[PDB]
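Engineer: Residue numbers (my numbering): 6 to 286. A virtual CB, placed ideally from N, CA and C, is assigned to each residue, including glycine.
Right, here's the structure in full:
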């Protein structure tokens, strides 16, 4: 269908997400240098997203356009994970899980830095695409784990908090299986489809966890209540695409449908995050 165009939409939504998350950090800690750095890095990521989108529009349907957009997506997710771990550290400064989130986000950024290095040395290679996609998947797994920790911190007595933790662990297992498949044959579409499937499953967990957080932060907000059904519909859409991707892992149609589900889930996440950003003000 429209692989390259859908990646441009994914990159744009992630840039908006990074900016909103930096606004939340500044709302929680107005005088902190970390929230200042979060805003500066989110702006830098948005600039690289803009540059990649303009480059791809001029080189339609090319491996280079795909690689450059995936690199912007990976860098944007790296700063999201770092800023989110800082937020988790703000809620419970002396908690060991907060220190673990910061360490996990740092390691995800190093993996992202190494994948981009390889991709820049092999811009005409599918191995570069699969490597960058795996860095994206691992960073999303860190985000999902950190977000489930935040959810548990707001209401440790809640069954939904443990459901988010278990869901994040299952998405991590999907990333681990994708990394195994890609390592065995990184120049096949199988590696791309299975890694995209893990990404879609992880974003589905994130969207449902984020909708729970919005509702917990503002039980009387009608916008926050609506995020549950919206995240569930996006999660069902991802589940459909994942089933196609594991049925025909070398299908271009399966790859396209999975990218569409990723883009749609990110739109729900971005909307939900905006509701949270207003709640905290």
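1) Thinking just about the alpha-carbon of each residue, which of 30, 44, 38 and 55 is nearest to the one in residue 16?
2) Is the stretch 198-217 touching the stretch 149-160, taking contact as three or more C-beta pairs under 8 Å?
3) In whole angstroms, what is the alpha-carbon distance linking residue 21 and residue 86?
4) Measure the C-alpha to C-alpha separation of residue 94 and residue 109 and round it to an integer number of angstroms.
5) Start and end of the alpha helix (DSSP H) containing residue 105?
6) Which of helix, strand or coil does DSSP assign to residue 34?
7) Between the stretch 172-181 and the stretch 112-128, can you find at least three pairs of beta-carbon atoms closer than 8 Å?
8) Can you tell me whether residue 285 is buried or exposed, with buried defined as 16 or more other CB within 10 angstroms of its CB?
9) If you draw a straight line from the C-alpha of residue 46 to the C-alpha of residue 228, how long is it?
10) So residue 205 packs on residue 196, CB below 8 Å; how close in whole Å?
11) Quick one: is residue 126 buried, meaning 16 or more other Cβ sit within 10 Å of its Cβ, or exposed?
12) Grouping DSSP H, G and I as helix and E and B as strand, with all else coil, what is residue 190?
13) If you count every other CB in all the chains shown that lies within 10 Å of the CB of residue 96, and 16 or more means buried, which is it?
14) List the endpoints of the continuous alpha helix (DSSP H) containing residue 269.
15) Can the beta-carbon of residue 218 be found less than 8 Å from the beta-carbon of residue 156?
16) Assuming residue 246 contacts residue 263 under a Cβ cut-off of 8 Å, what Cβ separation, rounded to an integer in Å, is found between them?
17) Taking 7 Å as the cut-off, is the CB of residue 203 close to at least one heavy atom of the ligand GDP?
18) Can you check which of these residues, 225, 235, 29 and 244, is closest to residue 90 by C-alpha distance?
19) Do residue 259 and residue 203 have their C-beta atoms closer together than 8 Å?
20) Using three-state DSSP, classify residue 21 as helix, strand or coil.
21) Specify, as a first and last residue, the run of the alpha helix (DSSP H) that residue 162 falls within.
22) At which residues does the alpha helix (DSSP H) containing residue 7 begin and terminate?
23) Would you call the CB atoms of residue 166 and residue 146 closer than 8 Å?
24) What does the Cβ neighbour count give for residue 119, buried or exposed, with the cut at 16 atoms within 10 Å?
25) With a Cβ-Cβ cutoff of 8 Å, do residue 172 and residue 210 count as a contact?
26) I need the DSSP call for residue 97, collapsed to helix, strand or coil.
27) Does residue 225 come out as helix, strand or coil in the three-state DSSP assignment?
28) Assess contact between the stretch 72-85 and the stretch 39-53, defined as three or more Cβ pairs (one per stretch) separated by less than 8 Å. Is contact present?
29) Within a Cβ cutoff of 8 Å, which residues of the same chain sit near residue 301, ignoring the five residues on either side of it in sequence?
Structural biologist: Considering the structure as presented:
1) Within the chain shown, numbered from 1, the residue matching residue 16 stands at position 11. Closest by alpha carbon: 55.
2) Two segments are said to touch when three or more pairs of C-beta atoms, one from each, lie closer than 8 Å; by this definition the stretch 198-217 touches the stretch 149-160.
3) Here residue 21 refers to the residue found at position 16 when the chain shown is read from its first residue. Here residue 86 refers to the residue found at position 81 when the chain shown is read from its first residue. If I take the Cα positions, the gap works out to 14 Å.
4) In the chain shown, residue 94 corresponds to position 89, counting from 1. In the chain shown, residue 109 corresponds to position 104, counting from 1. Distance between the alpha carbons of residue 94 and residue 109 is about 13 Å.
5) Position 100 of the chain shown, counted from the first residue, corresponds to residue 105. Taken as a continuous stretch (DSSP letters only), the alpha helix (DSSP H) holding residue 105 covers 101-126.
6) The residue you call residue 34 lines up with position 29 of the chain shown. If DSSP states are grouped into helix, strand and coil, residue 34 belongs with coil.
7) no
8) One-based indexing of the chain shown puts residue 285 at position 280. Residue 285 is exposed by the Cβ-count criterion.
9) Your numbering for residue 46 matches position 41 in the chain shown. Your numbering for residue 228 matches position 223 in the chain shown. Roughly 29 Å separates the two Cα atoms.
10) Translated into the one-based positions of the chain shown, residue 205 becomes position 200. Translated into the one-based positions of the chain shown, residue 196 becomes position 191. Not really, about 15 Å apart at Cβ, beyond 8 Å.
11) Against the chain shown, residue 126 aligns to sequence position 121. Within a 10 Å sphere around the beta-carbon of residue 126 sit fewer than 16 other beta-carbons, which makes this residue exposed.
12) Looking up residue 190 in the chain shown gives position 185. Coil, per DSSP.
13) Walking along the chain shown from the start, residue 96 turns up at place 91. Per the 10 Å Cβ criterion, exposed.
14) Residue numbering aside, residue 269 sits at position 264 when the chain shown is read from its first letter. Residues 257-284.
15) Locating residue 218 in the chain shown gives position 213, counting from the first residue. Locating residue 156 in the chain shown gives position 151, counting from the first residue. Taking 8 Å as the Cβ cut-off, residue 218 and residue 156 qualify as a contacting pair.
16) Counted from its first residue, the chain shown places residue 246 at position 241. Counted from its first residue, the chain shown places residue 263 at position 258. Confirmed, about 4 Å.
17) What this structure holds is no ligand at all, so the ligand GDP is not there to describe.
18) What you label residue 90 is simply residue 85 of the chain shown in a count that begins at 1. Of 225, 235, 29 and 244, the residue nearest in Cα terms is 29.
19) Within the chain shown, numbered from 1, the residue matching residue 259 stands at position 254. Within the chain shown, numbered from 1, the residue matching residue 203 stands at position 198. Cβ atoms of residue 259 and residue 203: not closer than 8 Å.
20) Taking the first residue of the chain shown as position 1, residue 21 is located at position 16. When secondary structure is reduced to three states using DSSP, residue 21 falls in the helix class.
21) Translated into the one-based positions of the chain shown, residue 162 becomes position 157. Unbroken run through residue 162: none, as it is neither H nor E.
22) Reading the chain shown from its first residue, position 2 is the one you call residue 7. Neither: residue 7 is in no alpha helix (DSSP H) and is coded neither H nor E.
23) For the purposes of this step, residue 166 is identified with residue 161 of the chain shown, where counting begins at 1. For the purposes of this step, residue 146 is identified with residue 141 of the chain shown, where counting begins at 1. No, they are not a contact pair.
24) On the chain shown, position 114 is the one that residue 119 refers to. So residue 119 ends up on the exposed side.
25) For the purposes of this step, residue 172 is identified with residue 167 of the chain shown, where counting begins at 1. For the purposes of this step, residue 210 is identified with residue 205 of the chain shown, where counting begins at 1. In contact: residue 172 and residue 210 (Cβ atoms closer than 8 Å).
26) Numbered from 1 along the chain shown, position 92 holds the residue referred to as residue 97. Three-state DSSP puts residue 97 in coil, outside helix and strand.
27) Along the chain shown, one-based indexing puts residue 225 at 220. DSSP places residue 225 in coil when its eight states are reduced to three.
28) yes
29) One cannot answer for residue 301 here, as it falls past the ends of the chain, which runs 6 to 286.
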